[PDB]
Structures are given as structure tokens and as C-alpha cells.
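In the form deposited in one PDB entry, a lone chain appears below as C-alpha cells.
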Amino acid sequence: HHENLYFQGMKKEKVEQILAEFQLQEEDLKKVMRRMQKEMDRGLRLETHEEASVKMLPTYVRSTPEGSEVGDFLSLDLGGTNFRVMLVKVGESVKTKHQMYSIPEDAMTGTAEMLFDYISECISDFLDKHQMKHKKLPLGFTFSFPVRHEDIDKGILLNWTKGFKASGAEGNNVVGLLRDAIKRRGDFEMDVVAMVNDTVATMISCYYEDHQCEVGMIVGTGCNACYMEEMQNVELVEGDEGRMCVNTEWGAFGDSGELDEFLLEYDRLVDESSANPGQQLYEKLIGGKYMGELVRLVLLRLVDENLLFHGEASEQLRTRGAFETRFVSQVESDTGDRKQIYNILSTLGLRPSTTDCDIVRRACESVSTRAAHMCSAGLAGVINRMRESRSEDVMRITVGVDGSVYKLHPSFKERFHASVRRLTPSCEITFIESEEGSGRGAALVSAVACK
């Protein structure tokens, strides 16, 4: 029961008024883009690097060649909820072997020793499954966190992001932490030859297929980008010849107040309840670690206004992280019959009407569309800066992308591409989705590094 088309209609109208707060006009996006570009300039310069919210970290991945190595390379990938080990065969590359491991909650939030001991145990497990513990292979490490590099194989962790909190890691050489754990176990040997961000590994894997790929982007649990900067603009590294990949760490844009006028009550609540309050604010508008949670908080506001579920939220709806980001993708994948929406909501202990289902869809669309538009201003800022630094009338460029939000959300991609295009006149941008990018890229970079 609960009919009346006129009253259902009035509830939808009040919902729209609340949802309108998520809207960003073209001018707001150009403003965000200009502010991002301003922060990127600040991050690159010696004079402002320490204060810059957007770190623009030199990765020591350079335009080459070189001296390419053939054969077997091991890739490690840490930075999601899962840890991946991959064996890559490079000839003249093919993902020959792969294993994913779930990281225990106690290892992400315990000590660095526990985390790296777990990683070492997973490497032993992989080597045994393929009978190769005795072979000492070159190892590429994709490590998806902000790192201050001294070289391709040496870098310090600046700070954990995305809920990681292992003590004794920040301020230490990450390659050293990995090497020390392998040594404490003592049942295999590996030569760690490179450590790269996941944006970087993604870019490298896509570049291998297409040489116009000089930008890497992640829109997964977190959100970040890297790009090939001119060495003359990389003031933190001596030399003006060629190019070097720069890990923007754009997720931290807004940490100095640059997004203040766009932050909503839901954003403040997500931030305050996160593992890193006041940090990674731009990432908190886009990343899959936060998207579902933003939707959950919007639904609770609509419940509070007596506009959804008869003003009654279930225990599950009032549970932190219960509205998963994958539910946002599934709700927006609904064909019109409301079946997928009904199922998600019924499993959350709710008894939704048809109107409740439509309202949940609009809340999802509002959060994910805003995520798409904010992300577009960041990518457009990077590409426009590249066009300018390369003094190109028309810049043709390829962007390699990975991450479950970009890949799996039914409309994020389309909304994001349309907005990027509007903000990048005189740019011809090709987007390529990476196939095992944050794994193959680390082995490929190791093949270039090993000799």
C-alpha cells in the first residue's frame, strides 16, 4: 500500500531539490581545472613543492631506450584490498601466471612487519604453485601509495591512503621493507629492480601497445593520475633532457582548502569517519572506497526528510559501508523494471516502493555523475598542461586507465569522456582500458630497468 501519483510526484520534486546540491556547471569545472593546474605547477617547483597539496612526485621512469631484457619477471601489486603476484614472460609480453590474495584486516592496520611478512608468505605461495621458488627473478613492485623516490628502486612512503594504516612504514624505504621481509622468511630470493605507482604501471602497460600513451589514470578504490612531464619542468630532478613520469597524487587536491566551496555535508561526514580525516579530499569525491558511502549518507538524509522508506532506515542502511560502491553500479544498470534496485534494497532490510527505487537511482546518479565531472576537471588539467608544455597546436594523446569505477560503472565512463572533451578543445584524447595493467606494467618497467 501507498498510492497517489500527485503525492509520489511531490516527494520526487523535494528529492530533486536536495539532489541539485551535487550539480557542477561547466564554469565550476573550469574553476576546479584551473585550481588543479595551479597546484600541479606548485608541486613541480622547488620553491613551492613542500607546501603543494598536489605532490607531482618524480617516479624516475624516463622516456627511453635503453637496454631491454627478455625472459621471466615477477610483478607484485599492493594497493587495493587484494595483493597480486604475477609472472610475466617478455619476448622480442604474456601474463603466464597470476594469483590474487586477500589481505587480512590485521595486516593493513597492524605493523609494517605483519603486512610485509604477509606479502612474503603470498610470494612463497605463488612460487610453490608454479614450482619456481629456487629461481631468483627480477621483481617489479606496483605500490599504490604516495612515494618520494630517490631512484627507480628506492623510495620512501610519504603516507598511507585508502584506509591503510600499518605502523613503521611511513618515512621508510618501501623496497627496503619488502627486501627485509623476504630476508626474514628466507625461503626464496628476488632482485627488486623497480617500484612504481599503479597509475605508472597502467601507463607503461598501455604504452607497450600504443606509444602515444603518456598518461595513466586510476579510478578504482582510489583516484590518481600520472603523466610524462618534460625534464626541464621537473625541478626536483637534475636535468632538462627528455621526459620523466610524474605521479600527481591528485587525490590530495583540496587538502589545502582548494575544493571548500564544493564540499557538501555528506563529504564532511565521509571525511570525518575515514582513516585519514582532512586528507585525500578530491579522491573522496570520486574513489570507490567512498562512493557507496556518499550514497548511503544521501539516502539517510532523504529518510530523515520523510522522502524515502516511510522515514525509517533499517539497521543495515545505518551500517558504515553497507551501501557498497558496486551497488551504485548495479542500481544505475537497472533496465527500468526496478528489479536490480528492489533486490539490493530488500537485502539491506528495506521494503521499497517503486518510488523509493527511483529515488535511490537518482541519488546514485547524482553522486556518480559528480564523481565523473570532478575527475574530468583533473584529467583535463593534466592534458591541457601537457599541450602547453609541448607547444602543440593540437595534441593527440592516449590515456591508459584502470580501476573498477571507470571499468564497471555503467555510465561513469561516458559522463567522464563527454566532460573531458568539453574541457580539452584542441586535444584528441584516446582512452585505452588496461588489461592486467598494474601487473604487466611493473614487469615491463623491470625488463627496461634490469640492464
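The term rigid core refers to the most C-alpha atoms you can superpose between the two forms while keeping them within 1.5 Å. Position 1 is the first residue in the sequence shown; the rest follow in order.
This protein has a second form, the form deposited in another entry, left out of what is shown; the following refers to that one.
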Scan 231, 114, 317, 357 for the one whose CA shifts by 2 Å or more between this form and the one not shown after superposing the rigid core, and name it. 114
Aligning on the rigid core, do we see the C-alpha of residue 141 shift 2 angstroms or more between this form and the one not shown? yes
Determine, after fitting the two forms on their core, whether residue 179 shows a C-alpha shift of 2 Å or more between this form and the one not shown. yes
Against the rigid core, is the Cα displacement of residue 339 between this form and the one not shown at least 2 Å? no
